[PDB]
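Let's start with one chain on its own, the form deposited without 2-phosphoglyceric acid (2PG), as structure tokens.
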């Protein structure tokens, strides 16, 4: 089954940044034909810590940029919504509607995403036990979603720290396809980078259906997640490595 790689800059800082990253992703999709790539970027960071941090350029602008990426490269698209009303407009361009970790339990947002007919990817809340994502998936099916993903992005471990409990991959696999978020799982809420690659290797060795990675031409200048966004030039090598580890580990993946 085709492995999923969801990647892109954290925030749609501009339509130019989007096309620049989109070009590299299109190139990788041509090389890694056994992979299904999905371009990701948020039209809005609705929950930055500080009121002074970069949020975005609006839904309208974001959707237009994302659509430009899709038209120009033939890339599938995914972006996250924050309130029910955003589902409809976003569904016009997004192949996969993403649900933020903090909102994984908001019934109406989930129902709004499901009725669009698009695929839905829910980031598992940092407060949520893996066995409790069962009802999240149940809500989505109830709302009409036929293609569902659950994304592992770490769990609250003391203050300002997240730990990844890899037991969650096979548990959530019982009711949905599982994606490992390599970027936000090492982030210190409220170092980090050096742990991205090692945990990604662990994820594919344990077994998942896809990986999610934020990447930017020059992370040091990103308007959000600068410290954890992967340098764009490193994406190819990371992908090649996980496909290699995936292949050799695959014969041992347990049947759920």
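Numbering follows the first chain given and starts at 1.
Keep in mind the form solved in complex with 2-phosphoglyceric acid (2PG) is missing from the figure; the text below concerns it.
- Checked against 2-phosphoglyceric acid (2PG) in the bound PDB entry, the residues 45, 57, 26, 193 give one hit for a heavy atom within 4.5 Å, which is 45.
- Between 2-phosphoglyceric acid (2PG) and the residues 143, 170, 100, 89, the one pair within 4.5 Å by heavy atoms in the bound PDB entry involves 100.
- 2-phosphoglyceric acid (2PG) is not drawn, but in the bound PDB entry it has a heavy atom within 4.5 Å of residue 153.
- Looking at residue 184, you'd find a heavy atom of it within 4.5 angstroms of 2-phosphoglyceric acid (2PG) in the bound PDB entry.
- Within 4.5 Å of any heavy atom of 2-phosphoglyceric acid (2PG) in the bound PDB entry lies no heavy atom of residue 118.
- Screening 197-205, 26-34, 211-219, 60-68 for residues having heavy atoms within 4.5 Å of 2-phosphoglyceric acid (2PG) in the bound PDB entry returns a single hit, 211-219.
- Shown without its partner, the chain has 80 as the single residue in segment 63-80 with a non-hydrogen atom within 4.5 angstroms of 2-phosphoglyceric acid (2PG) in the bound PDB entry.
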